[PDB]
Structure formats: C-alpha cells, structure tokens
Amino acid sequence: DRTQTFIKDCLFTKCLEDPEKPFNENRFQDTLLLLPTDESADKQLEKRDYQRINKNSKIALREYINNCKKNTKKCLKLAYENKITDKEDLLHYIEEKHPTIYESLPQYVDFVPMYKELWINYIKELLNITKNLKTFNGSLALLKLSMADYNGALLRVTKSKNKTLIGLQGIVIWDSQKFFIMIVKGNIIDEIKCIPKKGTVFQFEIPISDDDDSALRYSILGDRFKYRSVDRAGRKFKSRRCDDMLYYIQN
Amino acid sequence: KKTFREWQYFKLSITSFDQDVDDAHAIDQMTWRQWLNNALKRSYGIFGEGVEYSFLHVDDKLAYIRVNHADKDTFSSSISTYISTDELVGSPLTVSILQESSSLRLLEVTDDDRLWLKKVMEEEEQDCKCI
Amino acid sequence: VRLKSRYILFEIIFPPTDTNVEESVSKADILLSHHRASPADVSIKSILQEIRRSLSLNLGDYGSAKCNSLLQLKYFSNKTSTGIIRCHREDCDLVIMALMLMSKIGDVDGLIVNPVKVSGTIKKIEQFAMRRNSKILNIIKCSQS
Amino acid sequence: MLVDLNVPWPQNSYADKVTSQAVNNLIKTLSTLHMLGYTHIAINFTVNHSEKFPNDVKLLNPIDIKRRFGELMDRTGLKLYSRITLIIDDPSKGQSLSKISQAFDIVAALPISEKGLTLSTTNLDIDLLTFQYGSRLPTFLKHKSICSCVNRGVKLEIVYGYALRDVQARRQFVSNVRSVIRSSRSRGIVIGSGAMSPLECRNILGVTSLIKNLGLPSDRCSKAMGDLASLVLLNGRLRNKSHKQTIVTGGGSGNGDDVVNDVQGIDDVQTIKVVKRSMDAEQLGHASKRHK
Amino acid sequence: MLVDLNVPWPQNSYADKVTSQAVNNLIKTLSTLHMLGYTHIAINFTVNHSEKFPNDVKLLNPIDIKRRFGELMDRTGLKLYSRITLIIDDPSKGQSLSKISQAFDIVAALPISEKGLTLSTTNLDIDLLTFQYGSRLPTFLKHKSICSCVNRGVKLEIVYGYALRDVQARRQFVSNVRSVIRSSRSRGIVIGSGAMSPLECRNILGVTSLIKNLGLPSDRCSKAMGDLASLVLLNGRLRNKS
RNA sequence: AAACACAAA
RNA sequence: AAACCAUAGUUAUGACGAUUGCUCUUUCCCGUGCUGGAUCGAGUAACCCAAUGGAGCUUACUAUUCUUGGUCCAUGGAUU
RNA sequence: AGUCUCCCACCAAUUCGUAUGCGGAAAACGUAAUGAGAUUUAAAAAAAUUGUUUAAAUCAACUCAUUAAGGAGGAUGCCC
Ligand SMILES: [Mg+2]
Ligand SMILES: [Mg+2]
Ligand SMILES: [Mg+2]
C-alpha cells in the first residue's frame, strides 16, 4: 500500500492543495460497501370492563367536584342572606328548610375520623414506628415514603409561590397529576380545595404519644413529586436542573 | 444626556491584626501615601503610578481618597490586591473598601471638615457651572 | 465558536544616526538608508523576550498577565525585518503601545519599531505586505536612473 | 446573603494530625469573616484519588462541627458545611464515593487530565468543578461540554483567594479564569475565597471589583453569589440529606426552619426530626381564621 | 494627513550660534519623521521671557527655512513652519506681541507659576499652551482657567517625546498628562513630538494607542490630532499674512 | 472555526 | 484550463461620541383621563453566531439578566 | 444552532401516469370536521431533536382512523 499511497498522494496533489489532508483526517475509505440498503375471552372482558369503569369514574369525579363547587356557593349565599354565622346552626337550618341541597353537601365530621386513623396506623406500620426510636433508618424510610401511597393523607401547605395558598390543611380524596385535592373546614367554609403542585411545599406530621408528646417532621415537594415511582421501584431518574427551587430559599 | 463626573470618592480603612503590633505602631498620612505608591508600583507599572489621588480627612486607620471616574477600576483593582510587607509595621497591612459614593452625600460623624470641603467643592461647583 | 485573533505587522527601522557624515535627501536614498539590514543577532525568541520584558516594565504585572495569554510571533525573518505578532482583539492596543515603547535590543542599540498594518487574519496581512514590497520597488527603479 | 464555599482545612492526607495552632487560626478567620459580614461558610477538605480510603464511617469527617464549631457558632451566629474536593487524574479502580458523598455535604472534583475531566463531567455525581489555577490548564476547554454540564447540573468555581499567594501564580490564575469564563458562557460561575489565614480575606466590594476587572459584570457577580451559591448549597445538601428530590426530611414552617438554614435542629447521626405535636385535625384549615 | 509641530531647535538663547552638527542632527530627525510618514512639520524654537528681544524684523527668526530647508522641501516633498514658545515666569520685561506674532507663525507659552497660568489665560494672544511634562507641573490644573482658555480657542499641547528620554521622569509625565486630560475634559488636546534625535521618533498607531491608554477616547485622538492641528496652522498663517 | 458522512464516537 | 459567481460573503463584519423612543420609581399643573408634558435616578436583555442558495419541522431565549396580547369548571379579597 | 426531510436535466411513461379533506413542484409539510384510545393499548413506560421532554378532575397538547372537485332538486334553522 506504501507505493500505492504514494501514487494516491501524487494524484491528490493535482486536485487538492493539501495532499495529506484526507489521510490525516481519515477521509479515504479503504473499503467500498456495495449492498442494497436494508383463555383470552375473560381477559379481554376484564380489560374492557376496567376501561369502562375508569371512563365512568373520571366523569363521576368531575361532576362531583362541580356539584360541590356550586353547592358551597349557594349555601354560603343563603347563609349570608339569613345572617347565620356558625355551622351548627346553618347545617340544621338547611336540613330543616332545604332537604335536597343537604344530600349533596359533604360532612367533615364524617370525613375525618376513620380516614385519619386508618392512614396513621398504615404509616405507623410502614415506617416501623415503635415505642423505642433507636431502630430507625432514614434512607429506607425516605425510599418507602417515596414509594408509599398518599390516598387519604393529611397534608399542610406550608410554602408556596402564591402567598395565599399557605397554611391550608386537608385530607386527600384523590391524587391527580397536576392538581392536589383536599377538603377544608372553616366558619361556614366547606370548600373542596384544588391546589397546584408546581412550586408549592407540603408537609405531614405523624403523632407519637406513648410516653412523651412528639411527632415526626416530614415534608414533600410538589414540583418534583410528579416524576416519582408508584408502588414499585427501579425507574431510571434524571437530574432535571435542581434550579427552580429559588422560592424555597427566598421565603 | 449625562453629566461628566470629575472624580469619585473612596472610603479607605486599614485592617491590621496582631493587636500588640497594631497598637505599637501608629500610621500617618505620609505612611498612607507611601503605601499607595508601593501598591501601585507593585501591582502596576507606570500606568498605576500615574494615577491621580489626594488625601482628605486622614485619621487613625481611616482616610478618604478621591480618584478620577476613568481610573476607578484601576484604583479598586489595585487596592484589593496589594498587601504591605516591611514598610513600617511588623504585621502586614490589608485594606478593605468600606463604601463608595459619587454624590459627596456621606456623613459618619458630625464634624465640620466635611462641611468645609463641601463648601469649597460647591464654590467650585457654581464656578464650573458659570465658567 | 471562533477565537478572535488580530495579527500585528511591525518593521524595524534603523535611523542613520551619524552627524559627522553628510547625507543625500531623496525618497529612495532615505528608504535604503533606513531599510539597510538587520544585524545577525536577531531572531524570534530574542525579540519575544525583549517585548515580554518591555511589557512587564511599562504596563506592570496584570498588564503583562492579561497580554501574555496569546502573545506569539508567527512569522519573522531577519532578511527583511518583517514580523507578524498574534494577539487578542482586546489587547491589540497594549501590544501596539509596547511596540512603540520599545527602547533597544540588549546588545543592539539605535533602532525604532514601526507598526504598519493590523488585521484579524493572516491572508490580508500577506496581501498588504506584498503590496508594500511592490510599492518599494517603484521608487527604487525610478531612482536608479 | 454571601456564601464562601472553599475555606481550606489544614490537612490533605488522613495520616496528618492537625495541631491546635491551625484550629485557632481557623477560628480566628471564621470570626474575621463574620465580623465584617458574611452569611454562609463551607470549609473544604482535599484528598487525592490513588490513596486508600479508610473503611470507616464515623472517622471520615475530621471536622466535628458539633465539637469545636459547636463551641464557636453560639457566639458567632453563622453555619458551617463540610465539603470534599476529589483530585482525580487517572481513572484508577479506587472509587468509594458511596460513603464519602453521604458522609460529607458537598462533593467537588479537581481534574488534571482529559479522561478524568470527561468521566467527571459524564458519570461522576459531583456538585462543583474546580480547576488547578496554580498549574497549567489540561487542555483547550470546549463550550458545548460546559454548557451541557451546567444545564445538567455541576457549575464551575473561581477562587480569587489563590492570587494572593505569590507573584508568578497571578498570570496563570488570570489566564485560566479568562478561559473558564469564555468557555462557560458566564452562566454556571460560583466564586470562592481559598484563604488559609484571616489576613488574605477581602470585602464583597473588593471581590466584585476584582471580578469586574477580570471580565465578568458586577450584577452577574451579585446574582451568582446570591442565588447560585444558595442553589449549589441546596442541591448538595438535599441530595445527601433527602432522597432523589422526592421526599424532604425537613418541614419549613416560617422563614428560618430551612433544610440548609436549620442545622442544629436536624439530627445528623440519623435523619429524623423529633418535634412536638403541632398539627391536629380539629383546627380550622384557613390560616386566616385559625386562632390559638 | 499628519501634523508634527513640536520639533525643537538646538538653540535656547540668541547669543549662542548654532553648529553644523546640530543642523545635521535636525536634518536626520526630519528625514526620520518623513520616513515614518508625515505631511506637516513645524519646528519649534525655545526662548526665555527675560531674554532681550532684538529690535529687528529680518533677524527675529534664526531658522531661515528658505536657504537651509528650501532644498529639502523641493526634493523630499514636505513643508516647514516656524513656531516659538514663551517660557514665562513673572509679569516683567514683556508687553510685546505685535512684532513677535508677525515674524513667526505659531506662538506658544510655557507657564511655570500660578501667575503664569493667569497671564496665559488672560492677556496672551497664543494658540497652544504647553507644560513642563518632564518635571512637575507648577501648582495645580483646574477647570476654572482651562475652560475659559479652551472656549476662546487655545488648546493644550502634549509632548509624547519627553517620556522617551529617561525612566524616572516617565512617572511625572504620566501624572501630568492624566491630570491635563482630566482637567481639559478631552476637547482641546493637541499632540506634538518634542524629540531632537531620530532615535525617539514613532508612528501614528503607537502614539494613538499611548494617548488612548492614557485617558483619551479614540475619536478625540484622531479628530484633534488632524483637524485641530490643521486649524492651528491655518490660523497661524492667517495671523502672519492678514 | 464553519461546512460536510448509510463514517467515527 | 477554466466554468469565480452574493443589494454580508469565507476564521472579517471593527473603535468610541451624539439623538429619539421603550419599563418602573421620588415630584408640579389643566379635566377625571388622554403611546398629555418636564426635572432626581437605574437598565437596552438572553440564545447565541454565517461559509453556496430556498422551503417545512423540531429544539434553545426574554426572574431587580428590555417587552407585548389574550385565556384559565387555578386560588386570594370585596359588592350584588 | 441541530448526527431531520426535499428541490436545485428531461421523458403520452419498466420514469412512485397519485383526479384520493384543503393549500402546495416535492417535503419525518401547514391546517380543518367527527369518533376513539393509554406498557389492561394501533403505538410513547417500570430517522432527528430535546435539562424538565403527550395526557392520564375538566379544559389545553400528541398519536391514529374517516371526509374526491364542480353544477341541479327537496327538507330543516336564521334576517326576512
Ligand atoms: Mg454554522
Ligand atoms: Mg456543526
Ligand atoms: Mg449548520
């Protein structure tokens, strides 16, 4: 190839100006490729009925949210018209004068008691909350919490981009992908609260009162709560920027 | 559109550790001047040496330096760089610019030397306005 | 992206400092008496070291540190005393002022440095050098008469 | 707020024992930085790559913030963080970051070769990229690599405190800083002071004047020292404290209980936070209506 | 085109007669100037304010460009002009300009005291004002008199040659040129080459870079150096003829 | 540098 | 042996000065208002850069690091 | 800017002789009406491009499946 390379160079010095350009940058291919460029029935039944149940439950949840939205407004308007402040008088007045709008209203005293206990016991068994607190491990606990379910969980908005969303406590009724759904109580407030997660901070406190009165201080970040695993593990994570958390340090 | 700035003031202050060597020696105006002349010649050549600067209200570890608006960068790059060594002190000197101003509006104490300098500066101000 | 370069063309001119001898006043006579030749003790590393010393002596420490990042002599031959100094587009003024403030060579005295052409590419510098060399021959041919 | 993230510790190898004079000088320089004014200080510890990492966990950190800095903070009023810089040049088989990363807070790198630079930019999970401003640069730094890195995370760090060491190092320091700023597009730049004694420290105005004389605008310096320093502290803090940005072990109630701010409250031998019961189910949800 | 108007003549008083070697060195310097590239040359002659001015008209100028430099003017192709500076210290032995302004072309002054600056800004029909850049400037240059002398038409001359002499006076020259640039506010700044030997001659690029690094903007340098120098030459010619 | 490729990475 | 050809054309696209306009803030007047007017001040952005020409698509930009228009069964306050 | 596509000779035709929703010479090209869909799917998850990289209360966004051009008659709805 040496005399052949000399011939090729004496040939390239006539066309090109730098003969040792292609051999240096590896543009003279030594090879030229020549080739043309080249029991299912019940399973289907279950899949279809699951599709139908999902499609129905979505519309049902939507219309339930809309019904609660309208009912809260109308009942608060009627309350301001009747000049009744506290809830124990307003709900009784509505029951004794408006039967229909009362079966559409929700009840916080109905929603809190079992939900709170059945979630507290579940989290206590998951995180292995024992009488003694020397058998803990932070890494595995955080991994479990990332894998844990928050369906029916008590969360408090402690920090947010909007100065008005902070301080709201509520128990989960459903975990969506963009908004977070809870329920709050006030003087007459029985509003279903939908809160954005992009730029807000939540927190949940687990009570422990065997001998002393102490609680664990945990918290989640909605902005990065959308790209987590669900009930399983082994999902390749990507570093996003870790850059839009400036509101966390700012205020 | 913009008014031409004559110069710019600079609040200088010495920071020397080793309280014993600090109270032992006592700097003065000529000390300040020699330190500046050494810093400019060490960090820069004739460029830094030809910088115009005067001394106003020299005190114990306090002095005010006016530098032209065109040489504020040369002054602020040389001040925060140099560290004195074997000039008059056993403990080397380091200077930190406290603050800067371009409108003469600064008052630390209720003394009258700032008032006198202000008086002469506005009698020059109206004089450059008319002339 | 592109590194912004700016080459500098300079000439070494020897003034005929001799008050005891009478001289001819013309164009080509003074062009020949100023472009006589460069001495043998002339190279690239001897001019680069001299300009590096002068840069530190005139500007200072930071003035030499900012300028000595891309300070190289690309092409220079002692037969015609023409050199091409590469530098940044930021420090061109510094290199020009240093070439102006060049006092003398450590062993050769009585010489001046003249910056002629400054450009951001070597092809235009070569074209201008060829044009200047062609212009030089005209007055020579005219005076040889 | 002002953050200085490259305060060096007088020890390079684990075989070295720090005398009391060095600890006293460090206490003096911390007091000096606090008196004139500062908010966050993260001391640095430097080790090489080919050394033998000790197979311990409770002996990897010769800083003991609770022992002597616990003596100093109650009178000073600021916080300290422990960080490590990896001197990695040749990709040897010694690699035990799974311990030192979780033991320390911030993990940086000090590449000298090209292969080490490539592996630290691609695979190595670090927080800051520091170059040897004392020696010569390894190669001609690329633009696309640094841009993709600062978009993926890790930013570059410039230490103006090394230019105060000697005279011959200033030219190389300026030449390296110019290339870093030109290749990094002035986006991911974090400034620090690597001073070993309180006498080589400066004020924020001297710092911004030096960097504006270097070539970076002063407003960008202020922004990178205010927001970018806080962000690079936050990232390195919650990547080790919390999980992979999904669950946080700290709950911010007001404006001082922050994962990077609250340092004495949060336990370190574990990750729990034992607080009294302050969240009930009978309290009114609306904070404007909730009264105690 | 370029204008150089600060070439000194090797003669201080009237009594000392010039030698052939000085004329040869001046010819060397002017030939070097023309070699580096120049168009207008105006040689300067220094004299003291106390020295007795002669009561003549055809003997005021010991230059005689026509018989000495008239042959070079025809051969090499340049022109020469006469310029005289006044080294003034005290308002005594003076009060005479109608005879010194007609013979020479450009009239300059060199004040070295605080009263000299007042006498130059008030009662001197001069065009350029120069200082001793080598040694220290007399007291302090202020905007008060500088503005009033620039608004009428008098410019300030800067000698970039004085720096090329020694190493120590470079500091004083820089400290004076930056002071006068800060005071003049960068309007009336003319540049001249005060070199008597051909080894201290430079080109336009180097001088421009030097004055730019000293504190003058790039537009001001070129605009002044060309137009203000040409206008000073024209005003001098008009003062001599009509 | 840019610009190119059934390359190479 | 040339076909050598760009209302930028082949590592070039410089250097400062001056004018209007644009965004907020500390001021005074007619009529509330009016791309109504004038002083005291700050800033003119980022992605990024041609190498033969045109079209389509996708991907980077605009937080005291210029702006503009609309929408929102998003929340916060007030009236009916 | 990008490791995306295409034009930059023709062919009453082995030459995509392709009257196929509209525009277009072509285009991994723009947009319009309806129905459905989510590793249980036609296909996204445990050729190019992009840090995050469609959705998964409703809206908004992506993907796929149908609707050939012009003239005439009847019915319905609106100003009348
Ligand atoms: Mg390109
Ligand atoms: Mg490319
Ligand atoms: Mg391209």
# chains A, B, ... in the order shown; residues from 1 in each chain; ligands from 1
>>> residues_near_ligand(ligand="ligand 2", cutoff="8 Å", atoms="only C-alpha atoms (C1' of nucleotides) and all ligand atoms", output="list in words")
residues 2 and 3 of chain F; 2 of chain H
>>> write_last_selection(atoms="N, CA, C and O atoms (P, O5', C5', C4', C3', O3' and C1' of nucleotides)", output="PDB file, in the first residue's frame")
ATOM      1  P     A F   2     -16.979  24.381  14.358  1.00  0.00           P
ATOM      2  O5'   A F   2     -17.748  24.998  13.106  1.00  0.00           O
ATOM      3  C5'   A F   2     -18.564  26.152  13.242  1.00  0.00           C
ATOM      4  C4'   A F   2     -18.803  26.814  11.909  1.00  0.00           C
ATOM      5  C3'   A F   2     -19.483  25.952  10.855  1.00  0.00           C
ATOM      6  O3'   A F   2     -20.892  25.922  10.996  1.00  0.00           O
ATOM      7  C1'   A F   2     -17.581  26.980   9.912  1.00  0.00           C
ATOM      8  P     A F   3     -21.676  24.519  11.001  1.00  0.00           P
ATOM      9  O5'   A F   3     -21.521  23.986   9.509  1.00  0.00           O
ATOM     10  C5'   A F   3     -22.029  24.731   8.412  1.00  0.00           C
ATOM     11  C4'   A F   3     -21.463  24.241   7.105  1.00  0.00           C
ATOM     12  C3'   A F   3     -21.646  22.758   6.823  1.00  0.00           C
ATOM     13  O3'   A F   3     -22.928  22.452   6.305  1.00  0.00           O
ATOM     14  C1'   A F   3     -19.401  23.359   6.417  1.00  0.00           C
TER      15        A F   3
ATOM     16  P     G H   2     -24.849  23.369  13.869  1.00  0.00           P
ATOM     17  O5'   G H   2     -25.771  22.106  14.166  1.00  0.00           O
ATOM     18  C5'   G H   2     -25.671  21.397  15.392  1.00  0.00           C
ATOM     19  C4'   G H   2     -26.888  20.539  15.622  1.00  0.00           C
ATOM     20  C3'   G H   2     -27.280  19.634  14.464  1.00  0.00           C
ATOM     21  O3'   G H   2     -26.534  18.431  14.424  1.00  0.00           O
ATOM     22  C1'   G H   2     -29.183  20.803  15.214  1.00  0.00           C
TER      23        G H   2
END
>>> residues_near_ligand(ligand="ligand 1", cutoff="9 Å", atoms="only C-alpha atoms (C1' of nucleotides) and all ligand atoms", output="list in words")
residues 1 of chain C; 2 and 3 of chain F; 49, 50 and 51 of chain G; 1 of chain H
>>> interface_residues(of="chain D", to="chain B", cutoff="7 Å", atoms="only C-alpha atoms", output="ChimeraX atom specification")
/D:199,202-203,205-206,209-210,213
>>> residues_around(residues="stretch 79-92 of chain C", least_positions_apart="3", cutoff="7 Å", atoms="only C-alpha atoms (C1' of nucleotides)", output="PDB file with N, CA, C and O atoms, in the first residue's frame")
ATOM      1  N   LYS C   4     -11.199  35.131  18.460  1.00  0.00           N
ATOM      2  CA  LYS C   4     -10.966  36.390  17.756  1.00  0.00           C
ATOM      3  C   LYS C   4      -9.483  36.730  17.826  1.00  0.00           C
ATOM      4  O   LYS C   4      -8.973  37.135  18.873  1.00  0.00           O
ATOM      5  N   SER C   5      -8.787  36.562  16.707  1.00  0.00           N
ATOM      6  CA  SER C   5      -7.372  36.879  16.604  1.00  0.00           C
ATOM      7  C   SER C   5      -7.177  38.211  15.885  1.00  0.00           C
ATOM      8  O   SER C   5      -8.049  38.690  15.156  1.00  0.00           O
ATOM      9  N   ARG C   6      -6.009  38.811  16.103  1.00  0.00           N
ATOM     10  CA  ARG C   6      -5.670  40.084  15.469  1.00  0.00           C
ATOM     11  C   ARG C   6      -4.156  40.157  15.336  1.00  0.00           C
ATOM     12  O   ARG C   6      -3.458  40.423  16.319  1.00  0.00           O
ATOM     13  N   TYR C   7      -3.655  39.924  14.127  1.00  0.00           N
ATOM     14  CA  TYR C   7      -2.221  39.937  13.876  1.00  0.00           C
ATOM     15  C   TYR C   7      -1.714  41.367  13.730  1.00  0.00           C
ATOM     16  O   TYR C   7      -2.459  42.272  13.341  1.00  0.00           O
ATOM     17  N   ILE C   8      -0.437  41.567  14.051  1.00  0.00           N
ATOM     18  CA  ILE C   8       0.186  42.888  14.054  1.00  0.00           C
ATOM     19  C   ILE C   8       1.460  42.825  13.224  1.00  0.00           C
ATOM     20  O   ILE C   8       2.342  41.999  13.490  1.00  0.00           O
ATOM     21  N   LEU C   9       1.556  43.698  12.223  1.00  0.00           N
ATOM     22  CA  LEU C   9       2.748  43.786  11.391  1.00  0.00           C
ATOM     23  C   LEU C   9       3.619  44.949  11.850  1.00  0.00           C
ATOM     24  O   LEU C   9       3.149  46.087  11.949  1.00  0.00           O
ATOM     25  N   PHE C  10       4.888  44.664  12.132  1.00  0.00           N
ATOM     26  CA  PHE C  10       5.824  45.675  12.597  1.00  0.00           C
ATOM     27  C   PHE C  10       7.103  45.620  11.775  1.00  0.00           C
ATOM     28  O   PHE C  10       7.456  44.583  11.207  1.00  0.00           O
ATOM     29  N   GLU C  11       7.793  46.756  11.721  1.00  0.00           N
ATOM     30  CA  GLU C  11       9.028  46.908  10.966  1.00  0.00           C
ATOM     31  C   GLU C  11      10.105  47.489  11.868  1.00  0.00           C
ATOM     32  O   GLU C  11       9.826  48.355  12.703  1.00  0.00           O
ATOM     33  N   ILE C  12      11.333  47.011  11.700  1.00  0.00           N
ATOM     34  CA  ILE C  12      12.478  47.530  12.440  1.00  0.00           C
ATOM     35  C   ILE C  12      13.231  48.495  11.534  1.00  0.00           C
ATOM     36  O   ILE C  12      13.798  48.087  10.514  1.00  0.00           O
ATOM     37  N   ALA C  37      19.522  46.812   6.704  1.00  0.00           N
ATOM     38  CA  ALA C  37      19.530  45.403   7.081  1.00  0.00           C
ATOM     39  C   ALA C  37      19.346  45.302   8.586  1.00  0.00           C
ATOM     40  O   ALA C  37      19.496  46.287   9.317  1.00  0.00           O
ATOM     41  N   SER C  38      19.016  44.098   9.039  1.00  0.00           N
ATOM     42  CA  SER C  38      19.017  43.771  10.454  1.00  0.00           C
ATOM     43  C   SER C  38      20.317  43.065  10.826  1.00  0.00           C
ATOM     44  O   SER C  38      20.889  42.334  10.009  1.00  0.00           O
ATOM     45  N   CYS C  67      -1.955  40.196  28.823  1.00  0.00           N
ATOM     46  CA  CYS C  67      -1.499  40.318  27.442  1.00  0.00           C
ATOM     47  C   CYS C  67      -0.732  39.084  26.978  1.00  0.00           C
ATOM     48  O   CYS C  67      -0.737  38.763  25.785  1.00  0.00           O
ATOM     49  N   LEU C  70      -2.012  35.107  24.663  1.00  0.00           N
ATOM     50  CA  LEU C  70      -1.895  34.683  23.271  1.00  0.00           C
ATOM     51  C   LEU C  70      -0.904  35.583  22.535  1.00  0.00           C
ATOM     52  O   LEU C  70      -1.160  36.058  21.428  1.00  0.00           O
ATOM     53  N   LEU C  71       0.246  35.828  23.156  1.00  0.00           N
ATOM     54  CA  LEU C  71       1.293  36.673  22.581  1.00  0.00           C
ATOM     55  C   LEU C  71       2.340  35.765  21.943  1.00  0.00           C
ATOM     56  O   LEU C  71       3.181  35.185  22.636  1.00  0.00           O
ATOM     57  N   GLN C  72       2.288  35.644  20.618  1.00  0.00           N
ATOM     58  CA  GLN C  72       3.205  34.788  19.880  1.00  0.00           C
ATOM     59  C   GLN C  72       3.648  35.489  18.604  1.00  0.00           C
ATOM     60  O   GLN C  72       2.918  36.311  18.042  1.00  0.00           O
ATOM     61  N   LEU C  73       4.856  35.154  18.155  1.00  0.00           N
ATOM     62  CA  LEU C  73       5.412  35.666  16.906  1.00  0.00           C
ATOM     63  C   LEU C  73       5.306  34.564  15.858  1.00  0.00           C
ATOM     64  O   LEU C  73       6.059  33.585  15.899  1.00  0.00           O
ATOM     65  N   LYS C  74       4.370  34.722  14.921  1.00  0.00           N
ATOM     66  CA  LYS C  74       4.079  33.651  13.974  1.00  0.00           C
ATOM     67  C   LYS C  74       5.125  33.562  12.868  1.00  0.00           C
ATOM     68  O   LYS C  74       5.685  32.486  12.628  1.00  0.00           O
ATOM     69  N   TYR C  75       5.402  34.672  12.187  1.00  0.00           N
ATOM     70  CA  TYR C  75       6.311  34.676  11.049  1.00  0.00           C
ATOM     71  C   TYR C  75       7.272  35.846  11.170  1.00  0.00           C
ATOM     72  O   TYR C  75       6.840  36.990  11.340  1.00  0.00           O
ATOM     73  N   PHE C  76       8.569  35.559  11.074  1.00  0.00           N
ATOM     74  CA  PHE C  76       9.584  36.600  11.125  1.00  0.00           C
ATOM     75  C   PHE C  76      10.878  36.066  10.527  1.00  0.00           C
ATOM     76  O   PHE C  76      11.303  34.953  10.847  1.00  0.00           O
ATOM     77  N   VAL C  95      -0.307  45.766  22.941  1.00  0.00           N
ATOM     78  CA  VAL C  95       0.848  45.320  22.169  1.00  0.00           C
ATOM     79  C   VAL C  95       1.377  46.455  21.300  1.00  0.00           C
ATOM     80  O   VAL C  95       2.593  46.604  21.125  1.00  0.00           O
ATOM     81  N   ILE C  96       0.481  47.279  20.751  1.00  0.00           N
ATOM     82  CA  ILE C  96       0.925  48.404  19.930  1.00  0.00           C
ATOM     83  C   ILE C  96       1.694  49.415  20.772  1.00  0.00           C
ATOM     84  O   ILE C  96       2.752  49.910  20.361  1.00  0.00           O
TER      85      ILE C  96
END
>>> closest_residue(among="D:103, D:174, D:78, D:84", to="residue C:64", atoms="only C-alpha atoms")
D:174
>>> interface_residues(of="chain B", to="chain E", cutoff="7 Å", atoms="only C-alpha atoms", output="list in words")
residues 46, 49, 50, 51, 52, 128 and 131 of chain B
>>> write_last_selection(atoms="N, CA and C atoms", output="short mmCIF file (atom, residue, chain, number, x, y, z; two decimals), in the first residue's frame")
data_model
loop_
_atom_site.label_atom_id
_atom_site.label_comp_id
_atom_site.auth_asym_id
_atom_site.auth_seq_id
_atom_site.Cartn_x
_atom_site.Cartn_y
_atom_site.Cartn_z
N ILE B 46 4.08 52.02 35.32
CA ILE B 46 3.87 53.47 35.32
C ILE B 46 2.39 53.80 35.19
N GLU B 49 1.18 54.01 38.62
CA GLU B 49 1.88 55.08 39.33
C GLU B 49 1.39 56.46 38.92
N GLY B 50 0.89 56.62 37.70
CA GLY B 50 0.42 57.92 37.24
C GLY B 50 -1.02 58.22 37.60
N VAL B 51 -1.57 57.47 38.55
CA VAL B 51 -2.96 57.68 38.96
C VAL B 51 -3.03 58.86 39.92
N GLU B 52 -3.96 59.77 39.66
CA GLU B 52 -4.13 60.96 40.50
C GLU B 52 -4.96 60.61 41.73
N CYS B 128 -17.76 76.17 38.03
CA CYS B 128 -17.70 75.43 36.78
C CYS B 128 -19.05 75.48 36.06
N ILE B 131 -18.54 79.20 34.48
CA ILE B 131 -17.43 79.14 33.53
C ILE B 131 -17.65 78.00 32.54
#
>>> closest_atom_pairs(of="chain C", to="chain B", cutoff="9 Å", atoms="only C-alpha atoms", output="JSON lines")
{"residue": "C:56", "atom": "CA", "partner": "B:45", "partner_atom": "CA", "distance": 7.4}
{"residue": "C:57", "atom": "CA", "partner": "B:45", "partner_atom": "CA", "distance": 6.4}
{"residue": "C:58", "atom": "CA", "partner": "B:45", "partner_atom": "CA", "distance": 5.5}
{"residue": "C:59", "atom": "CA", "partner": "B:45", "partner_atom": "CA", "distance": 4.8}
{"residue": "C:60", "atom": "CA", "partner": "B:45", "partner_atom": "CA", "distance": 4.0}
{"residue": "C:61", "atom": "CA", "partner": "B:44", "partner_atom": "CA", "distance": 5.8}
{"residue": "C:62", "atom": "CA", "partner": "B:44", "partner_atom": "CA", "distance": 6.7}
{"residue": "C:63", "atom": "CA", "partner": "B:44", "partner_atom": "CA", "distance": 7.2}
>>> write_last_selection(atoms="N, CA, C and O atoms", output="PDB file, in the first residue's frame")
ATOM      1  N   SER C  56       6.242  43.988  30.743  1.00  0.00           N
ATOM      2  CA  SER C  56       6.208  43.987  32.200  1.00  0.00           C
ATOM      3  C   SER C  56       6.774  45.284  32.767  1.00  0.00           C
ATOM      4  O   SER C  56       6.305  45.773  33.802  1.00  0.00           O
ATOM      5  N   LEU C  57       7.777  45.858  32.104  1.00  0.00           N
ATOM      6  CA  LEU C  57       8.406  47.087  32.570  1.00  0.00           C
ATOM      7  C   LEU C  57       7.523  48.316  32.392  1.00  0.00           C
ATOM      8  O   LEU C  57       7.628  49.253  33.191  1.00  0.00           O
ATOM      9  N   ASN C  58       6.655  48.338  31.375  1.00  0.00           N
ATOM     10  CA  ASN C  58       5.828  49.503  31.110  1.00  0.00           C
ATOM     11  C   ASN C  58       4.475  49.294  31.753  1.00  0.00           C
ATOM     12  O   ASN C  58       4.039  50.133  32.569  1.00  0.00           O
ATOM     13  N   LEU C  59       3.757  48.210  31.445  1.00  0.00           N
ATOM     14  CA  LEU C  59       2.409  48.032  31.973  1.00  0.00           C
ATOM     15  C   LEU C  59       2.440  47.605  33.436  1.00  0.00           C
ATOM     16  O   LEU C  59       1.810  48.231  34.295  1.00  0.00           O
ATOM     17  N   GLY C  60       3.158  46.525  33.735  1.00  0.00           N
ATOM     18  CA  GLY C  60       3.238  46.025  35.093  1.00  0.00           C
ATOM     19  C   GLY C  60       3.077  44.522  35.187  1.00  0.00           C
ATOM     20  O   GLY C  60       3.573  43.783  34.333  1.00  0.00           O
ATOM     21  N   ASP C  61       2.378  44.056  36.223  1.00  0.00           N
ATOM     22  CA  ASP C  61       2.183  42.617  36.438  1.00  0.00           C
ATOM     23  C   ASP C  61       0.901  42.141  35.760  1.00  0.00           C
ATOM     24  O   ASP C  61       0.926  41.214  34.946  1.00  0.00           O
ATOM     25  N   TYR C  62      -0.229  42.770  36.092  1.00  0.00           N
ATOM     26  CA  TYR C  62      -1.502  42.377  35.498  1.00  0.00           C
ATOM     27  C   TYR C  62      -1.554  42.747  34.021  1.00  0.00           C
ATOM     28  O   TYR C  62      -2.165  42.044  33.208  1.00  0.00           O
ATOM     29  N   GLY C  63      -0.916  43.861  33.654  1.00  0.00           N
ATOM     30  CA  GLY C  63      -0.832  44.241  32.255  1.00  0.00           C
ATOM     31  C   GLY C  63      -0.073  43.246  31.403  1.00  0.00           C
ATOM     32  O   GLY C  63      -0.378  43.099  30.214  1.00  0.00           O
TER      33      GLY C  63
END
>>> select_by_dssp(residues="stretch 1-127 of chain C", states="strand (DSSP E)", output="number ranges by chain")
C: 5-13, 72-77, 82-88, 112-119
>>> atom_distance(atom1="atom CA of residue A:183", atom2="atom CA of residue A:80")
21.5 Å
>>> interface_residues(of="chain A", to="chain D", cutoff="7 Å", atoms="only C-alpha atoms", output="ChimeraX atom specification")
/A:138,142-143,146,158,167-169,184-186,203,205,207,213-221,224-225,228,239-243,251
